[PDB]
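What follows is a short report on a single structure.
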There are 2 protein chains.
Amino acid sequence: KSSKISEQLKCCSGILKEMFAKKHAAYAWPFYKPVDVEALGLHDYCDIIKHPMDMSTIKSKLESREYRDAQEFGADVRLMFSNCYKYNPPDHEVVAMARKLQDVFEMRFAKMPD
Amino acid sequence: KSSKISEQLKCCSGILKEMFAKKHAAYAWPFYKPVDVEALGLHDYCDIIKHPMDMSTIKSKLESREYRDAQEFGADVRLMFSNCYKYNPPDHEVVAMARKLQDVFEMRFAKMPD
Ligand SMILES: [Cl-]
Ligand SMILES: [Cl-]
Ligand SMILES: [Cl-]
Ligand SMILES: [Cl-]
């Protein structure tokens, strides 16, 4: 009942690897690294988003064993997406990209064995 | 720091109400009530889905104050969607419907004040 935790965390690494792969690069790229809050237009980002998250941070957290289980991993992925939905206008091209990427994540995360 | 919990749970009720509304009825209807495991084709449902969830159950749980916070509410909504993604073939019409409905949920849940 904890070797399963180890195998699910292994799947999580596999999911994140696919999210980084060329296959999804057309819509994943806004999520690879932390939002650059120094960029023009992002002067209010930290006002609105209390807990920023991105795929490289998630990768480092997996590697530093900072997730107790797959559920904690999934919470950070969903936090990343919700940050995008919260901050941006609903017709923003980046929201559509988040949706395509969340598609990949939800399907893989759901089909993960337990 | 707990009157906010009360207001977020109020928003959750509002989100679920919208999910039940005519506006989304074309794709929400598979999710209104528990999956009927007596129906033809569903003889393996309980084998695959250890924790069934649906919108009417979520509604009753809100009303019976069974969610400590919005995060617990959101977990049951996401459990409902992941159950659909886990059980069904990825090209199944119901998966597409879950996606449209999860669209509604994620956008509202993200824009909820805190
Ligand atoms: Cl610029
Ligand atoms: Cl700016
Ligand atoms: Cl029949
Ligand atoms: Cl059957």
Side-chain angles (χ1 to χ4, degrees), chain A residues 15-16 19 24 26-61 66-67 71-107 109, chain B residues 2-19 21 23-24 28 55 58 62 67-82 85 98-114:
Chain A
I15 291 165
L16 192 75
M19 295 166 63
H24 305 296
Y27 43 93
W29 67 263
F31 311 102
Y32 288 171
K33 285 183 145 9
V35 164
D36 179 2
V37 295
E38 302 312 315
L40 183 66
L42 291 161
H43 53 94
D44 56 354
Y45 193 80
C46 306
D47 285 352
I48 292 154
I49 290 87
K50 197 182 136 190
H51 306 283
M53 189 48 56
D54 67 282
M55 292 165 50
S56 290
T57 296
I58 294 172
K59 180 153 175 240
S60 307
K61 282 180 68 169
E66 199 158 330
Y67 299 120
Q71 294 64 46
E72 301 191 348
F73 163 88
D76 264 359
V77 182
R78 297 203 179 104
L79 167 60
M80 176 178 81
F81 290 131
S82 297
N83 285 343
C84 180
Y85 309 138
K86 188 184 180 165
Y87 178 68
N88 297 282
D91 59 356
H92 197 295
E93 71 184 302
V94 75
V95 171
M97 290 174 262
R99 279 188 196 121
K100 289 169 178 173
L101 190 58
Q102 184 163 18
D103 280 353
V104 174
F105 164 75
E106 294 294 342
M107 181 67 277
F109 197 62
Chain B
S2 184
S3 142
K4 232 284 154 286
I5 287 155
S6 155
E7 179 51 57
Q8 287 213 322
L9 285 164
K10 197 161 332 212
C11 284
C12 291
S13 171
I15 291 165
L16 192 75
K17 184 195 176 129
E18 181 179 342
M19 295 166 63
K23 175 175 172 110
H24 305 296
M55 292 165 50
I58 294 172
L62 277 165
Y67 299 120
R68 284 195 296 170
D69 53 37
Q71 294 64 46
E72 301 191 348
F73 163 88
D76 264 359
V77 182
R78 297 203 179 104
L79 167 60
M80 176 178 81
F81 290 131
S82 297
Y85 309 138
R99 279 188 196 121
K100 289 169 178 173
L101 190 58
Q102 184 163 18
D103 280 353
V104 174
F105 164 75
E106 294 294 342
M107 181 67 277
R108 293 298 196 188
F109 197 62
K111 289 269 173 72
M112 177 174 64
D114 58 31

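A note on names: the letters A, B, ... follow the listed sequences, proteins ahead of strands, and every chain is numbered from 1. Note: hydrogens, waters and symmetry copies are ignored here, and every other heavy atom, side chains too, is used.
- For B:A70 against B:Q8, the heavy-atom pair with the smallest separation is CB-OE1, 3.8 Å.
- To the nearest 0.5 Å, the span separating CZ on A:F31 from OG1 on A:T57 amounts to 14.0 Å.
- A:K86 contributes a side-chain N or O that, together with a main-chain N or O of A:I48, makes up a donor-acceptor pair within less than 3.5 Å.
- Using a 4.5 Å heavy-atom cutoff, the side chains of B:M19 and B:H24 are not in contact.
- Closest heavy-atom contact between A:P52 and A:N83: CA-ND2, 3.6 Å.
- No side-chain heavy atom of A:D76 sits under 4.5 Å from any side-chain heavy atom of A:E66.
- Put simply, the side chain of B:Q102 does not reach to within 4.5 Å of the side chain of B:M80, judged on heavy atoms.
- Closest approach of B:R68 to B:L9, counting heavy atoms only: O-CD1, 4.0 Å.
- When every heavy atom of B:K111 is checked against every heavy atom of A:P90, the shortest pair comes out as NZ-CG, 3.4 Å.
- Taking CG of B:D69 as the start and NZ of B:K4 as the end, the distance is 13.0 Å to the nearest 0.5 Å.
- Put simply, the side chain of A:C84 does not reach to within 4.5 Å of the side chain of A:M97, judged on heavy atoms.
- Distance check, rounded to the nearest 0.5 Å: CD1 of B:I5 to NZ of B:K10 gives 13.0 Å.
- Within the model, atoms SG of B:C12 and CD of B:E7 stand 10.0 Å from one another, a figure rounded to the nearest 0.5 Å.
- Partners of A:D103 according to the salt bridge (charged side-chain N to carboxylate O under 4.0 Å, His left out) rule, which considers only residues two or more places apart in sequence or in another chain, are B:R99.
- Using bins of under 30°, 30° to 60° and over 60° for the plane-to-plane angle, the ring pair B:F73/B:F109 lands in the tilted bin.
- Between B:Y67 and B:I58 there is a side-chain heavy-atom pair separated by less than 4.5 Å.
- In this structure, A:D54 contributes its side chain and A:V35 its backbone to no donor-acceptor pair below 3.5 Å.
- A donor-acceptor pair under 3.5 Å is formed between the side chain of B:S82 and the backbone N or O of B:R78.
- Here A:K50 contributes atom NZ and A:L79 contributes atom CG; the two are 11.0 Å apart, rounded to the nearest 0.5 Å.
- A 6.0 Å sphere centred on CD of A:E93 holds no more than 12 heavy atoms belonging to other residues, nucleotides or ligands.
- Heavy atoms only, all atoms of each residue included: A:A98 and A:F81 are closest at O-CE2, 3.6 Å.
- Heavy atoms only, all atoms of each residue included: A:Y85 and B:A110 are closest at CB-CB, 3.6 Å.
- Side chain of A:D44 to backbone of A:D47: no donor-acceptor contact under 3.5 angstrom is found.
- Within a 6.0 Å sphere centred on NZ of A:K59, other residues, nucleotides and ligands contribute 12 heavy atoms or fewer.
- Here CE of B:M107 is found 9.5 Å from CD1 of B:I15. Values are rounded to the nearest 0.5 Å.
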